[PDB]
>>> print(open('start-v1.csv').read())   # CSV, C-alpha atoms and all ligand atoms
chain,number,residue,atom,x,y,z
A,1,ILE,CA,1.0,11.5,0.2
A,2,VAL,CA,1.9,14.7,2.0
A,3,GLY,CA,5.2,16.5,1.2
A,4,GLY,CA,6.0,14.1,-1.7
A,5,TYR,CA,6.5,14.6,-5.5
A,6,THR,CA,4.7,13.7,-8.7
A,7,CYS,CA,6.0,10.2,-9.6
A,8,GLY,CA,5.6,10.5,-13.3
A,9,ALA,CA,3.2,8.5,-15.4
A,10,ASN,CA,3.6,4.7,-15.0
A,11,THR,CA,6.9,5.0,-13.3
A,12,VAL,CA,5.5,2.9,-10.4
A,13,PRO,CA,4.2,0.0,-12.5
A,14,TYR,CA,3.1,-2.3,-9.6
A,15,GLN,CA,0.9,0.5,-8.1
A,16,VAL,CA,-2.8,-0.2,-8.4
A,17,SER,CA,-5.9,1.7,-7.6
A,18,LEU,CA,-8.8,-0.2,-6.0
A,19,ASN,CA,-12.1,1.2,-7.4
A,20,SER,CA,-15.7,0.7,-6.2
A,21,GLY,CA,-17.2,3.6,-8.2
A,22,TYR,CA,-14.3,5.7,-7.0
A,23,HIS,CA,-10.7,5.2,-5.9
A,24,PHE,CA,-10.7,4.1,-2.2
A,25,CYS,CA,-7.3,2.3,-1.7
A,26,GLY,CA,-4.0,1.5,-3.1
A,27,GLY,CA,-2.5,-2.0,-3.7
A,28,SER,CA,0.5,-3.7,-5.2
A,29,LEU,CA,0.6,-6.2,-8.1
A,30,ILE,CA,2.6,-9.2,-7.0
A,31,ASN,CA,1.9,-11.4,-10.1
A,32,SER,CA,-0.4,-11.4,-13.2
A,33,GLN,CA,-3.5,-12.3,-11.1
A,34,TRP,CA,-2.9,-11.2,-7.5
A,35,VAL,CA,-2.8,-7.9,-5.6
A,36,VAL,CA,-1.6,-7.2,-2.1
A,37,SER,CA,-3.4,-4.5,-0.1
A,38,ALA,CA,-4.4,-3.7,3.5
A,39,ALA,CA,-7.1,-5.7,5.3
A,40,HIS,CA,-8.8,-2.4,6.3
A,41,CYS,CA,-9.3,-1.8,2.6
A,42,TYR,CA,-11.7,-4.8,2.4
A,43,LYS,CA,-15.0,-4.3,0.7
A,44,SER,CA,-17.1,-6.1,-1.9
A,45,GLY,CA,-17.4,-4.9,-5.6
A,46,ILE,CA,-13.7,-4.1,-6.1
A,47,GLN,CA,-12.3,-3.4,-9.6
A,48,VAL,CA,-8.6,-3.4,-9.8
A,49,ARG,CA,-7.2,-0.6,-11.9
A,50,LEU,CA,-3.7,-1.1,-13.3
A,51,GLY,CA,-1.5,1.2,-15.4
A,52,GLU,CA,-3.0,4.3,-13.8
A,53,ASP,CA,-1.5,7.8,-13.5
A,54,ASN,CA,-4.4,10.2,-13.6
A,55,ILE,CA,-7.2,8.2,-12.0
A,56,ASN,CA,-9.9,10.5,-13.4
A,57,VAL,CA,-8.8,10.3,-17.1
A,58,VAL,CA,-8.4,7.3,-19.4
A,59,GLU,CA,-4.8,7.9,-20.7
A,60,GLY,CA,-4.2,4.7,-22.6
A,61,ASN,CA,-2.1,2.3,-20.5
A,62,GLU,CA,-4.9,1.2,-18.1
A,63,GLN,CA,-6.2,-2.3,-17.5
A,64,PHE,CA,-9.5,-2.5,-15.5
A,65,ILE,CA,-10.0,-6.0,-14.1
A,66,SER,CA,-12.7,-7.0,-11.5
A,67,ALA,CA,-11.7,-9.0,-8.4
A,68,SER,CA,-13.0,-12.6,-8.3
A,69,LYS,CA,-12.1,-13.0,-4.6
A,70,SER,CA,-10.6,-11.2,-1.6
A,71,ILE,CA,-8.8,-13.0,1.2
A,72,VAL,CA,-8.3,-11.0,4.4
A,73,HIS,CA,-5.6,-12.4,6.7
A,74,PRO,CA,-7.1,-14.9,9.1
A,75,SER,CA,-5.6,-13.0,12.1
A,76,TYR,CA,-6.5,-9.5,11.1
A,77,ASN,CA,-7.8,-7.5,14.0
A,78,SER,CA,-9.6,-4.3,12.9
A,79,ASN,CA,-9.3,-2.7,16.4
A,80,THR,CA,-5.5,-2.9,16.7
A,81,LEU,CA,-4.8,-3.3,13.0
A,82,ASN,CA,-2.5,-6.2,13.7
A,83,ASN,CA,-2.1,-8.3,10.5
A,84,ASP,CA,-3.4,-5.5,8.2
A,85,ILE,CA,-3.0,-7.4,5.0
A,86,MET,CA,-5.3,-8.8,2.3
A,87,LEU,CA,-5.0,-10.6,-1.0
A,88,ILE,CA,-7.2,-9.8,-4.1
A,89,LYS,CA,-7.4,-12.2,-7.0
A,90,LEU,CA,-8.2,-10.8,-10.5
A,91,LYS,CA,-10.9,-12.3,-12.6
A,92,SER,CA,-8.4,-12.4,-15.5
A,93,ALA,CA,-4.6,-12.2,-15.6
A,94,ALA,CA,-3.2,-8.7,-16.3
A,95,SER,CA,-1.1,-8.3,-19.4
A,96,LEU,CA,2.3,-7.5,-18.0
A,97,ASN,CA,4.5,-4.9,-19.7
A,98,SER,CA,6.9,-2.0,-18.8
A,99,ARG,CA,4.0,0.0,-17.3
A,100,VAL,CA,2.1,-2.8,-15.6
A,101,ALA,CA,4.5,-5.0,-13.7
A,102,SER,CA,4.6,-7.1,-10.6
A,103,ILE,CA,6.8,-6.2,-7.6
A,104,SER,CA,8.9,-8.9,-5.9
A,105,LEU,CA,8.1,-10.1,-2.4
A,106,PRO,CA,11.0,-9.8,0.2
A,107,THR,CA,13.3,-12.7,0.9
A,108,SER,CA,14.4,-10.9,4.0
A,109,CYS,CA,13.0,-8.1,6.2
A,110,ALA,CA,14.4,-4.6,5.6
A,111,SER,CA,16.3,-2.8,8.4
A,112,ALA,CA,15.8,0.6,10.0
A,113,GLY,CA,17.5,3.1,7.9
A,114,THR,CA,16.7,1.4,4.6
A,115,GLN,CA,15.4,3.9,2.0
A,116,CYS,CA,12.0,3.1,0.5
A,117,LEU,CA,9.5,4.5,-2.0
A,118,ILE,CA,5.9,5.1,-0.8
A,119,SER,CA,3.3,6.0,-3.3
A,120,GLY,CA,-0.5,6.6,-3.7
A,121,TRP,CA,-3.4,8.9,-4.6
A,122,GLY,CA,-4.1,9.9,-1.1
A,123,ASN,CA,-4.6,13.4,0.5
A,124,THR,CA,-1.7,15.8,0.0
A,125,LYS,CA,-2.6,18.0,2.9
A,126,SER,CA,-1.8,17.4,6.6
A,127,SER,CA,-4.5,19.7,7.8
A,128,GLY,CA,-6.8,20.5,4.8
A,129,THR,CA,-8.0,18.1,2.2
A,130,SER,CA,-6.8,17.9,-1.4
A,131,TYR,CA,-6.8,14.8,-3.5
A,132,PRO,CA,-4.4,14.6,-6.5
A,133,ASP,CA,-5.4,13.0,-9.7
A,134,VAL,CA,-1.9,11.8,-10.6
A,135,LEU,CA,0.2,9.4,-8.6
A,136,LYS,CA,2.3,10.9,-5.8
A,137,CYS,CA,5.6,9.5,-4.5
A,138,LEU,CA,7.7,9.9,-1.3
A,139,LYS,CA,11.2,8.6,-0.5
A,140,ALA,CA,11.3,7.8,3.2
A,141,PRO,CA,13.5,5.7,5.5
A,142,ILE,CA,12.4,2.9,7.8
A,143,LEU,CA,12.6,4.0,11.4
A,144,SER,CA,13.9,2.0,14.4
A,145,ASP,CA,11.5,-0.3,16.2
A,146,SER,CA,12.4,1.6,19.4
A,147,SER,CA,11.6,5.0,17.9
A,148,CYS,CA,8.4,3.6,16.4
A,149,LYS,CA,7.2,2.1,19.8
A,150,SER,CA,8.2,5.4,21.5
A,151,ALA,CA,6.0,7.4,19.0
A,152,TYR,CA,3.0,5.1,19.5
A,153,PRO,CA,3.2,3.6,23.0
A,154,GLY,CA,1.3,0.3,23.4
A,155,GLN,CA,0.3,0.1,19.7
A,156,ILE,CA,3.3,-1.3,17.6
A,157,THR,CA,3.2,-5.0,17.1
A,158,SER,CA,5.9,-7.3,15.6
A,159,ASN,CA,3.8,-7.0,12.3
A,160,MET,CA,4.3,-3.3,12.0
A,161,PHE,CA,7.1,-0.8,11.3
A,162,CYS,CA,7.3,3.0,11.1
A,163,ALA,CA,8.7,4.8,8.1
A,164,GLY,CA,9.1,8.5,7.4
A,165,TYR,CA,10.2,11.6,9.4
A,166,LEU,CA,9.8,12.3,13.1
A,167,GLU,CA,10.0,16.1,12.3
A,168,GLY,CA,6.7,15.7,10.3
A,169,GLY,CA,5.9,17.2,6.9
A,170,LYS,CA,6.3,14.1,4.8
A,171,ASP,CA,4.0,11.0,5.2
A,172,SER,CA,1.4,8.8,3.6
A,173,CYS,CA,-2.2,9.8,4.2
A,174,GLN,CA,-5.9,9.0,3.8
A,175,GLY,CA,-6.5,7.3,0.4
A,176,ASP,CA,-2.9,5.9,0.3
A,177,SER,CA,-4.2,3.0,2.5
A,178,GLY,CA,-3.2,-0.4,1.1
A,179,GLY,CA,-0.5,1.0,-1.1
A,180,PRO,CA,3.2,0.0,-1.4
A,181,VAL,CA,6.3,0.7,0.5
A,182,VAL,CA,9.1,-0.6,-1.8
A,183,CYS,CA,12.7,-0.8,-0.7
A,184,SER,CA,15.5,-1.9,-3.1
A,185,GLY,CA,12.9,-3.4,-5.5
A,186,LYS,CA,11.1,-5.4,-2.8
A,187,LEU,CA,7.6,-4.9,-1.3
A,188,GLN,CA,8.4,-4.4,2.4
A,189,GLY,CA,5.4,-2.5,3.5
A,190,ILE,CA,1.7,-1.7,3.1
A,191,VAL,CA,0.2,1.7,4.1
A,192,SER,CA,-1.7,0.8,7.3
A,193,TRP,CA,-2.2,3.6,9.8
A,194,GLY,CA,-1.0,6.6,11.8
A,195,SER,CA,-2.2,9.5,13.9
A,196,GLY,CA,-3.2,12.1,11.2
A,197,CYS,CA,-0.6,12.6,8.5
A,198,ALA,CA,2.8,14.3,8.6
A,199,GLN,CA,2.5,15.2,12.2
A,200,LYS,CA,5.6,15.7,14.3
A,201,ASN,CA,6.5,12.5,16.2
A,202,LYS,CA,3.7,10.6,14.5
A,203,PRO,CA,5.3,8.8,11.5
A,204,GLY,CA,3.3,6.4,9.2
A,205,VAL,CA,2.8,2.8,10.4
A,206,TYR,CA,3.1,0.0,7.8
A,207,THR,CA,2.3,-3.7,7.7
A,208,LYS,CA,5.5,-5.7,7.8
A,209,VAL,CA,5.2,-7.7,4.6
A,210,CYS,CA,8.2,-10.0,5.2
A,211,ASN,CA,6.3,-11.6,8.0
A,212,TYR,CA,3.6,-12.7,5.5
A,213,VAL,CA,5.6,-14.2,2.6
A,214,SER,CA,4.8,-17.8,3.5
A,215,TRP,CA,1.1,-17.0,3.9
A,216,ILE,CA,1.0,-15.1,0.6
A,217,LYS,CA,2.8,-17.9,-1.4
A,218,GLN,CA,0.7,-20.6,0.3
A,219,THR,CA,-2.6,-18.8,-0.3
A,220,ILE,CA,-1.8,-18.0,-4.0
A,221,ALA,CA,-0.8,-21.7,-4.5
A,222,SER,CA,-4.3,-23.0,-3.5
A,223,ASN,CA,-6.6,-20.2,-4.7
A,301,LIG,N1,0.3,7.5,7.3
A,301,LIG,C1,-1.0,7.4,6.8
A,301,LIG,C2,-1.8,6.4,7.6
A,301,LIG,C3,-3.3,6.5,7.3
A,301,LIG,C4,-4.0,5.5,6.5
A,301,LIG,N2,-5.3,5.9,6.4
A,301,LIG,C5,-5.6,7.0,7.0
A,301,LIG,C6,-6.7,7.8,7.2
A,301,LIG,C7,-6.6,9.0,8.0
A,301,LIG,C8,-5.4,9.4,8.5
A,301,LIG,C9,-4.2,8.7,8.3
A,301,LIG,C10,-4.3,7.5,7.6
A,302,CA,CA,-6.3,6.9,-15.9
>>> encode(input="start-v1.csv", output="structure tokens")
Amino acid sequence: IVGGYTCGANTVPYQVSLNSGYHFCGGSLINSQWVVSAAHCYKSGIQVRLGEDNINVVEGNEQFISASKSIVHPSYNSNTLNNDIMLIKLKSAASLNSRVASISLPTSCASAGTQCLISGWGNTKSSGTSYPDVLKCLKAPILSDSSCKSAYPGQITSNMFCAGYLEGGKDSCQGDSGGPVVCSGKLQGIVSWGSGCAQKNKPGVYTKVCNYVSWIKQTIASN
């Protein structure tokens, strides 16, 4: 997260870190045994880390649970990043509490102008490289479809939306991938892609979660 703020320990209780020897992506806990992330975060040997603030220090509220299975969306295209969504099932159910909690799926899509919270452990620099240990947060509005398409000609599908600031300076970044965009207590977005981070006229692009609620529910019900 570039140009954000320190969230505060366990204030984003649905935020997870995906670990394969190291943090490599964010995710969102949507029930006691399932996490939503980005399809471009797919790899084998994933351990889901819940209740994290400092990802380099065991602080006492963590739950580490290995993934039993990952399900990349059937229509995910890694070239265009269309349908950039993946489900991860935990080998055992997380113990839910005030610091490890699920986030609700949307019942409706959020409109341009809606204020949201974007979070993660990604790079905090737009040019350099610096990775924080504690969770970073950014409040950002959803941008109009037209401004999003104008920013990225030929690249925005109906399964994507832009959020952030056309002036630059505030954005998600590398390592935030797969993490949450939450608006009014609903998971509306997944950190997907962009051209660099926090660059003028290049806002972050996010997977449009409301398009996937049926697939998510249906998949969980049979897996
Ligand atoms: N807005 C951040 C989009 C993003 C995801 N992964 C990245 C890697 C490098 C640069 C940007 C990104
Ligand atoms: Ca920790």
>>> closest_residue(input="start-v1.csv", among="A:144, A:56, A:180, A:65", to="residue A:14", atoms="only C-alpha atoms")
A:180
>>> atom_distance(input="start-v1.csv", atom1="atom CA of residue A:72", atom2="atom CA of residue A:193")
16.7 Å
>>> atom_distance(input="start-v1.csv", atom1="atom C1 of ligand LIG 301 (chain A)", atom2="atom CA of residue A:191")
6.4 Å
>>> residues_near_ligand(input="start-v1.csv", ligand="ligand CA 302 (chain A)", cutoff="8 Å", atoms="all atoms listed in the file", output="JSON, numbers by chain")
{"A": [51, 52, 53, 54, 55, 56, 57, 58, 59, 60, 61, 62]}
>>> closest_residue(input="start-v1.csv", among="A:16, A:134, A:93, A:163", to="residue A:148", atoms="all atoms listed in the file")
A:163
